[PDB]
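Protein sequences, first through last, are from chains EB and PA. Counting from 52, one number per residue, gives the positions in the first sequence under the authors' numbering. Counting from 1, one number per residue, gives the positions in the second sequence under the authors' numbering. Worksheet: one structure, shown below.
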Amino acid sequence: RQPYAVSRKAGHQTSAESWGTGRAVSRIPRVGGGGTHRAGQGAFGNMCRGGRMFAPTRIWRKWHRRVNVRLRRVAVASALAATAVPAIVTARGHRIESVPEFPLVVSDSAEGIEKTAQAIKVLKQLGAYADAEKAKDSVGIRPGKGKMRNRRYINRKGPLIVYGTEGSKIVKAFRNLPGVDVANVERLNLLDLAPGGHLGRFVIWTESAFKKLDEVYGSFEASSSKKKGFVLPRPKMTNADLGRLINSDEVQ
Amino acid sequence: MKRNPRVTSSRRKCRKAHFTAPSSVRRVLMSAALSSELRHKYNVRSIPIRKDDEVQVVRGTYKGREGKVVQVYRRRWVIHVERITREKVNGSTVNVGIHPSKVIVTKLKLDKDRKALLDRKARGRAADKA
RNA sequence: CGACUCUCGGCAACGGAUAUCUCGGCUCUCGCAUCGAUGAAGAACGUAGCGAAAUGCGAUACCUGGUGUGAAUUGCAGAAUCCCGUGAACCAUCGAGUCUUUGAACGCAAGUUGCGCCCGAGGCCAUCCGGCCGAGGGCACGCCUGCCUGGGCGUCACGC
RNA sequence: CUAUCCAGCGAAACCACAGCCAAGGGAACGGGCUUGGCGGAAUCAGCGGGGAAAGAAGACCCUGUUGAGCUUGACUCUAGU
RNA sequence: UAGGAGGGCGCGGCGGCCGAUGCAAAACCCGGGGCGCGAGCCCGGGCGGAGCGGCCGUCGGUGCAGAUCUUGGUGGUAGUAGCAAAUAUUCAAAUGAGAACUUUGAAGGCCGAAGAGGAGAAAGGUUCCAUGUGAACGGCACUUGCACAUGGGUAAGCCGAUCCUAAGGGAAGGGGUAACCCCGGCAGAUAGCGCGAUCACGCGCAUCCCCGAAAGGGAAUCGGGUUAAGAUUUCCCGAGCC
RNA sequence: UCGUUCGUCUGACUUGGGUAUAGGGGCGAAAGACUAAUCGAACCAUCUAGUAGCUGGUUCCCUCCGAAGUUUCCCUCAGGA
RNA sequence: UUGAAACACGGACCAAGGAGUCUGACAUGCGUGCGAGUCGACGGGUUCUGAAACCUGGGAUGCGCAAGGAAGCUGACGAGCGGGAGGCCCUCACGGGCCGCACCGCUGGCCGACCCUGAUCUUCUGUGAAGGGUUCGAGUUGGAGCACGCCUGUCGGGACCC
RNA sequence: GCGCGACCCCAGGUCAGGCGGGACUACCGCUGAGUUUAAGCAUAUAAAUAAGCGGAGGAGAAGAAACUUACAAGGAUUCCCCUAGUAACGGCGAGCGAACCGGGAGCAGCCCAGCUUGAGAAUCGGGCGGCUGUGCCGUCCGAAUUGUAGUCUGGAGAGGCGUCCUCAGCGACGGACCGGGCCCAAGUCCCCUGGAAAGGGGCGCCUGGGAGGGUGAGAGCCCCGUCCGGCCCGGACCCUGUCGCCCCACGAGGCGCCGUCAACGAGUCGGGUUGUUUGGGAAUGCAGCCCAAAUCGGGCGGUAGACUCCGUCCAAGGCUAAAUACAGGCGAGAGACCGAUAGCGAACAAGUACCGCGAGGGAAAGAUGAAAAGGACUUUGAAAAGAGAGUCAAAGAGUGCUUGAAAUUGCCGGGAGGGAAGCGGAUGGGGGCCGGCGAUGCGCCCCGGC
Ligand SMILES: [Mg+2]
Ligand SMILES: [Mg+2]
Ligand SMILES: [Mg+2]
Ligand SMILES: [Mg+2]
Ligand SMILES: [Mg+2]
Ligand SMILES: [Mg+2]
Ligand SMILES: [Mg+2]
Ligand SMILES: [Mg+2]
Ligand SMILES: [Mg+2]
Ligand SMILES: [Mg+2]
Ligand SMILES: [Mg+2]
Ligand SMILES: [Mg+2]
Ligand SMILES: [Mg+2]
Ligand SMILES: [Mg+2]
Ligand SMILES: [Mg+2]
Ligand SMILES: [Mg+2]
Ligand SMILES: [Mg+2]
Ligand SMILES: [Mg+2]
Ligand SMILES: [Mg+2]
Ligand SMILES: [Mg+2]
Ligand SMILES: [Mg+2]
Ligand SMILES: [Mg+2]
Ligand SMILES: [Mg+2]
Ligand SMILES: [Mg+2]
Ligand SMILES: [Mg+2]
Ligand SMILES: [Mg+2]
Ligand SMILES: [Mg+2]
Ligand SMILES: [Mg+2]
Ligand SMILES: [Mg+2]
Ligand SMILES: [Mg+2]
Ligand SMILES: [Mg+2]
Ligand SMILES: [Mg+2]
Ligand SMILES: [Mg+2]
Ligand SMILES: [Mg+2]
Ligand SMILES: [Mg+2]
Ligand SMILES: [Mg+2]
Ligand SMILES: [Mg+2]
Ligand SMILES: [Mg+2]
Ligand SMILES: [Mg+2]
Ligand SMILES: [Mg+2]
Ligand SMILES: [Mg+2]
Ligand SMILES: [Mg+2]
Ligand SMILES: [Mg+2]
Ligand SMILES: [Mg+2]
Ligand SMILES: [Mg+2]
Ligand SMILES: [Mg+2]
Ligand SMILES: [Mg+2]
Ligand SMILES: [Mg+2]
Ligand SMILES: [Mg+2]
Ligand SMILES: [Mg+2]
Ligand SMILES: [Mg+2]
Ligand SMILES: [Mg+2]
Ligand SMILES: [Mg+2]
Ligand SMILES: [Mg+2]
Ligand SMILES: [Mg+2]
Ligand SMILES: [Mg+2]
Ligand SMILES: [Mg+2]
Ligand SMILES: [Mg+2]
Ligand SMILES: [Mg+2]
Ligand SMILES: [Mg+2]
Ligand SMILES: [Mg+2]
Ligand SMILES: [Mg+2]
Ligand SMILES: [Mg+2]
Ligand SMILES: [Mg+2]
Ligand SMILES: [Mg+2]
Ligand SMILES: [Mg+2]
Ligand SMILES: [Mg+2]
Ligand SMILES: [Mg+2]
Ligand SMILES: [Mg+2]
């Protein structure tokens with residue numbers, strides 16, 4: 052975010068002064084002088100026309116908030132897992148109905164592609180082009196004030212392409228496509244993996260990138276990640292199947 | 001998406017630039033498209049419109065009306081074409097306004113400068129496709 | 001049945017809320033370093049075929065010149081040679097120019113277009129081979145380096 | 001000469017809602033409440049009983065750890081001498 | 001009641017999802033139908049003519065009846081209070097759409113000259129004069145005007161300013177001052193040197209620069225004509241003066 | 001401000017223009033008078049949104065719980081712990 | 001306000017605007033992450049819609065991990081009891097027994113300020129076997145903390161508005 | 001009846017030059033409050049702040065220890081984090097409040113004065129002339145010996161000796177950075193609606209380009225642009241990349257030894273006292289006055305004092321990038337900001353109109369339509385206007401014109417009323433409105449076909 056604030060001097064560029072009592076008018080400061088309609092009018096008050104606002108906004112508001120380095124990594128881990136669950140990728144709105152398998156890993160030959168047309172064929176050979184269809188079809192003008200605040204068009208989210216090898220070209224084949232995002236494997240972002248705060252981004256992994264995941268995040272073992280001071284989080288419940296536990300022989 | 005961090009993507013500035021452009025800049029903005037026959041012949045898509053060109057309206061209520069350019073009235077972002085008129089209430093005749101992006105230039109007013117300008121634009125469109 | 005008052009509805013007024021906008025504002029970030037005695041910032045008066053303001057300009061006065069572009073400016077009128085070219089334009093841009101009266105403001109002043117002095121290209125006669133009206137241009141203050149002119153037994157030398 | 005009536009022109013103060021009384025009770029003097037008296041469209045000119053009428057965040061008095069002008073044997077300083 | 005908490009409703013953005021709309025979006029209007037204890041919500045009809053809504057998360061300049069609240073608009077009061085100083089108007093005619101209010105003539109009155117007359121200084125700035133004029137304005141009215149529009153109009157050797165000094169002001173060197181600024185007699189090769197000379201030199205230098213009066217001091221003009229509007233003395237005629 | 005009536009009118013008289021004195025300063029035949037409708041300290045801007053234990057106001061719904069005017073100390077008694 | 005329909009004040013009407021906010025410190029509660037640790041908050045690297053994101057350092061930066069003394073200084077030698085949720089053993093079972101978390105109560109040991117004490121050793125002024133105390137500590141005999149986020153409260157700030 | 005030379009002063013419209021004033025964001029110097037807080041108030045705080053007076057630059061200021069520390073010590077300046085709300089200061093109250101260490105950003109050090117040309121001012125300015133011209137050369141005047149140049153700056157240095165080791169410039173082409181001009185993908189194909197297609201349906205295409213804007217309604221393909229880059233023109237540059245010629249020295253420097261020398265800033269330091277300032281406490285800096293130094297000497301080691309030792313540095317002259325700051329200027333780019341009573345006072349001929357003698361004060365006011373197509377003509381009227389008509393998708397969108405709320409007002413229709421009206425519960429009468437306002441289907445069956 053960028054800060055916003057009113058002018059520090061706004062509403063305070065008059066020599067206005069209270070008439071006091073005894074003149075059958077309220078005690079608000081008033082513009083003195085004469086010869087214009089401004090004379091005798093109220094000033095400086097948040098109720099007055101032309102006054103300053105109550106508690107004027109300042110640029111030393113707390114715009115940026117800090118999150119622990121470890122809590123950031125934990126949340127990325129949870130987001131990645133949910134990308135591998137078809138029910139959650141469905142529920143978050145992605146059309147995944149002709150995709151062969153989740154996780155969706157495509158060969159490294161995709162890496163070298165060049166054109167938006169080339170990228171379109173790749174999405175067709177997967178079951179991915181339908182989700183990209185919805186993103187492009189959903190583009191319209193943003194209702195409200197944002198359409199005049201340089202945010203004129205909005206759309207849906209498509210799939211997210213993750214590549215592994217730095218310096219590739221699929222960055223440039225996919226960027227014209229609305230909804231479609233590209234990421235490098237080492238530096239994934241929570242804002243892409245769970246956009247809107249909702250779990251289940253549709254991810255197309257390259258074979259180059261899917262094999263680096265174990266390098267990047269490691270396992271339930273100390274000092275296995277590429278990250279330092281990090282170990283994958285363990286759940287409070289080893290198997291979440293209430294069906295299996297409640298209807299096991301031991302409990303019944 | 002833009003790459004040059006010196007061109008503005010702001011609605012406010014881009015509009016100001018358009019509506020406060022000088023005359024030498026409105027010549028480019030008030031540009032028209034070549035006809036299918038001329039695009040085929042000169043390998044250029046669109047050109048800045050000229051005094052003595054010949055056009056054909058392709059969008060207005062006057063769609064399918066051909067005529068000669070008689071005035072490129074840049075101050076109103078408009079061109080008047082010969083016989084593209086209506087009559088006032090008193091019976092006088094006035095020329096109606098056409099924006100250059102709603103006509104096709106069916107015939108070119110060719111000069112030394114226009115021939116060189118067609119060359120430069122033609123050298124370009126081929127310099128990428130080839 | 002009526003008048004008046006109150007009230008409900010429809011229509012018409014009054015007024016400018018609401019909605020939808022926006023060449024404006026506000027905030028953050030970035031780059032750069034450029035006023036003046038070679039007369040600045042500011043003030044005044046002028047200036048267009050038709051203009052008062054704003055914008056622009058300075059008696060070359062909404063401009064001159066060069067360069068780029070390449071056919072308009074436009075509210076009306078007119079020249080339009082300005083159209084395969086030294087070439088339109090309330091065009092862009094900048095090297096050549098112009099730049100009234102003032103203002104630190106500088107010959108003295110100032111509720112004054114007041115009051116001096118100096119130079120002087122150009123022209124007239126002869127009261128000289130000088131004098132008369134001159135176009136233009138000087139004459140503030142403090143200071144530095146040099147210079148010219150000069151002063152004082154301040155210290156000397158040499159004399160008379 | 002006004003006021004008055006006519007043609008033309010044409011404000012402002014004020015305004016919770018209003019506007020007939022008697023007694024009672026009530027923040028101990030009601031236009032509204034309680035109980036009685038009553039009570040009939042719409043208008044004109046006056047009048048100063050009432051609206052505890054208008055005007056003005058009582059100037060009297062008190063309070064405030066609010067002032068200011070002035071004085072001095074108040075406290076703390078200071079120009080001058 | 002004061003006070004505390006929970007669960008909701010509503011407004012505007014941001015990240016996401018799901019959608020409406022030129023076969024009519026938002027806003028607004030209604031004696032239209034309903035839902036909810038309620039905040040509110042849904043639909044109908046109309047008007048309008050291009051945008052809008054619901055859900056999850058999140059965020060905020062987020063909900064009005066008051067504050068002698070702020071700004072704007074609007075009533076009753078009310079066709080009411082009121083239009084009453086300076087003696088005063090009347091008759092015909094012209095004009096005009098329209099005359100108590102303009103114009104001409106006649107009559108009756110007033111100012112009564114320390115004037116309601118004729119001219120100026122200050123201050124104003126075109127109000128001056130002609131022609132025309134829809135609105136507004138001239139607290140009734142108007143053909144009218146000190147209004148509006150378009151034009152025109154201010155002529156100097158002799159009137160002034162300009163020159164001189166008054167009270168007084170500013171001021172160079174110097175004194176003070178952190179500096180802006182403050183001090184003029186303090187006396188400094190005081191600013192300026194003046195005069196005779198040029199064909200060069202001589203003399204003298206005393207209380208000393210500037211500003212300051214359209215009523216003080218002061219080179220010089222009178223009479224007769226002339227304009228829609230300039231002049232008694234600025235223009236014309238004549239006659240003079242410095 | 002107006003009407004009538006009054007005071008003075010050769011003087012310490014009336015008056016124009018010029019000039020001098022500027023804010024804890026001026027000027028005062030003295031009334032705290034006057035210093036541009038402002039005077040027991042002018043006016044303008046800023047410090048400044050000065051401080052207020054004091055007055056006024058403080059914006060949606062439902063559901064649930066629900067007081068105190070008493071103790072001690074305080075230049076404390078309209079306040080606070 | 002003890003008390004308002006008040007002969008208490010404000011309110012003619014309508015529209016729009018109009019008042020507990022932002023920030024810093026602290027505290028309790030709650031949520032998240034890690035845990036004797038925990039923060040990457042000044043930087044660096046990298047990042048092609050991102051001033052974003054992502055990586056890196058810390059072997060000692062902050063807070064915590066140890067306290068008592070004004071200071072010089074010294075610095076925790078290892079806990080029992082009563083009641084206890086819950087588990088287990090016994091009984092036909094009612095009843096009994098065993099172990100007993102948190103928490104409440106009770107009595108102690110140890111560290112330190114102050115007092116008291118003194119075998120041995122020793123560099124003669126130090127050490128400290130033993131033995132202590134109606135004294136004092138925000139101590140120890142339970143490692144629980146650190147970071148972020150939100151409400152509320154106190155305070156500083158124009159500080160709910162005039 | 002002299003003429004001298006120098007000293008100190010003159011006056012010059014002398015030759016040539018440089019000074020003053022303007023702007024306020026950030027920077028340097030001075031001067032300097034009170035409101036306020038302490039629940040009063042005076043020291044204190046507000047504050048070494050506002051106002052006042054000056055001076056600069058693109059940054060400024062500071063800067064190379066007369067520094068810290070007490071350690072195995074470090075090593076110019078500035079800025080960030082930490083130290084730290086700490087030591088301290090304080091009616092020890094309210095409150096206030098740094099630095100060292102450590103970690104980062106950025107790093108760079110220099111030059112004078114003095115004993116030291118004396119066979120010799122070797123230095124410098126100006127006029128004039130010339131040329132290769134930001135300078136060099138010749139010459140004539142002058143400054144300066146009361147001292148210009150060269151050496152030298154404590155880390156040193158002068159000397160002496162010594163195998164040794166080190167040194168001169170201009171070309172040529174460029175690379176980078178800087179400004180500018182141009183060129184660059186794809187549908188306006190078919191039907192419908194519409195005033196307008198940029199909307200819907202069909203069929204296609206571009207995409208390293210689906211940022212943005214314009215065009216008669218949501219346009220990637222209509223236009224400008226955007227991506228990838230291509231081209232042509234002009235600069236400043238003093239940075240380095242390579243080819244060419246020129247070859248650096250007996251001068252200076254480095255390095256090895258030597259011990260003889262070894263110069264180092266004065267009304268200044270330092271002390272007293274006064275006032276101010278500071279966290280600085282027997283006194284942190286600064287300033288007035290008084291006293292007033294030293295050269296086995298001087299300044300420090302955060303409690304005043306004397307002595308012994310120890311650590312440490314060398315003031316009184318000067319220059320010095322970078323890292324930092326930046327409500328002004330100019331040129332940009334953005335935004336979870338405002339949407340005409342909001343946002344700057346000003347979206348508009350806004351610091352305008354207007355007010356005040358003045359210093360100063362200071363508004364209101366945006367939106368026809370896609371296009372003026374801005375309403376010819378007839379008729380009534382003195383006119384303004386009206387009634388017909390005309391334009392438009394529309395004027396009932398008619399030049400303060402998108403929408404067009406409320407208060408308040410007029411007309412038409414309806415309803416009720418004995419000194420208020422409105423209101424809450426009941427219901428009765430009128431209205432007005434409600435067809436998901438209210439059903440006609442399901443099971444046995446008999447055909448007659450699907
Ligand atoms: Mg009143
Ligand atoms: Mg404002
Ligand atoms: Mg009448
Ligand atoms: Mg009674
Ligand atoms: Mg009453
Ligand atoms: Mg009764
Ligand atoms: Mg009656
Ligand atoms: Mg009456
Ligand atoms: Mg009465
Ligand atoms: Mg009253
Ligand atoms: Mg009172
Ligand atoms: Mg008290
Ligand atoms: Mg007092
Ligand atoms: Mg005393
Ligand atoms: Mg907001
Ligand atoms: Mg608010
Ligand atoms: Mg209201
Ligand atoms: Mg209320
Ligand atoms: Mg009347
Ligand atoms: Mg009267
Ligand atoms: Mg007389
Ligand atoms: Mg006249
Ligand atoms: Mg009238
Ligand atoms: Mg004079
Ligand atoms: Mg005179
Ligand atoms: Mg005179
Ligand atoms: Mg004559
Ligand atoms: Mg009287
Ligand atoms: Mg008399
Ligand atoms: Mg008399
Ligand atoms: Mg007088
Ligand atoms: Mg006088
Ligand atoms: Mg008295
Ligand atoms: Mg306040
Ligand atoms: Mg009270
Ligand atoms: Mg009472
Ligand atoms: Mg009463
Ligand atoms: Mg009261
Ligand atoms: Mg009232
Ligand atoms: Mg509101
Ligand atoms: Mg740590
Ligand atoms: Mg126990
Ligand atoms: Mg215990
Ligand atoms: Mg607060
Ligand atoms: Mg001082
Ligand atoms: Mg303050
Ligand atoms: Mg106080
Ligand atoms: Mg107080
Ligand atoms: Mg006080
Ligand atoms: Mg200041
Ligand atoms: Mg410097
Ligand atoms: Mg700490
Ligand atoms: Mg302080
Ligand atoms: Mg194109
Ligand atoms: Mg189409
Ligand atoms: Mg568009
Ligand atoms: Mg293009
Ligand atoms: Mg001191
Ligand atoms: Mg320096
Ligand atoms: Mg505004
Ligand atoms: Mg305003
Ligand atoms: Mg319509
Ligand atoms: Mg309309
Ligand atoms: Mg529209
Ligand atoms: Mg309208
Ligand atoms: Mg209404
Ligand atoms: Mg009726
Ligand atoms: Mg009823
Ligand atoms: Mg009923």
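Just so you know, even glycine gets a beta-carbon here, dropped at the ideal spot from N, CA and C.
Counting only C-beta atoms, is residue 9 of chain PA closer than 8 Å to chain EB at any point?
yes
Between residue 89 of chain EB and chain PA, is the shortest Cβ-Cβ distance under 8 Å, so that the two count as touching?
no
Using beta-carbon positions only, say whether residue 260 of chain EB and residue 230 of chain EB come within less than 8 Å of one another.
With contacts defined by Cβ atoms closer than 8 Å, residue 260 of chain EB and residue 230 of chain EB do not form a contacting pair.
Hey, out of EB/116, EB/64 and EB/69, whose CA is closest to residue 101 of chain EB's CA?
Nearest neighbour of residue 101 of chain EB by Cα position, chosen from EB/116, EB/64 and EB/69, turns out to be EB/64.
The beta strand (DSSP E) with residue 48 of chain PA in it runs from where to where?
46 to 48
Do the CB positions of residue 290 of chain EB and residue 9 of chain PA come within less than 8 Å of each other?
no
Outcome for residue 180 of chain EB when other beta-carbon atoms lying within 10 angstroms are tallied against a minimum of 16
buried
N-terminal and C-terminal residue of the beta strand (DSSP E) that residue 80 of chain PA is part of:
Taken as a continuous stretch (DSSP letters only), the beta strand (DSSP E) holding residue 80 of chain PA covers 78 to 81.
Between residue 1 of chain PA and chain EB, is the shortest Cβ-Cβ distance under 8 Å, so that the two count as touching?
yes
Interface residues of chain PA around residue 226 of chain EB at Cβ under 9 Å?
1, listed in chain order.
Look at the alpha carbon of residue 296 of chain EB and the alpha carbon of residue 156 of chain EB, and state the distance between them as a whole number of angstroms.
33 Å
From the beta carbon of residue 206 of chain EB, is the nearest beta carbon of chain PA less than 8 Å away?
Not closer than 8 Å to any Cβ of chain PA, the Cβ of residue 206 of chain EB fails to qualify, so no.
Residue 297 of chain EB, enclosing beta strand (DSSP E) - first and last residue:
Run containing residue 297 of chain EB: none in the beta strand (DSSP E); it sits in the alpha helix (DSSP H), 293 to 297.
Three-state secondary structure (DSSP) of residue 67 of chain EB
Coil, per DSSP.
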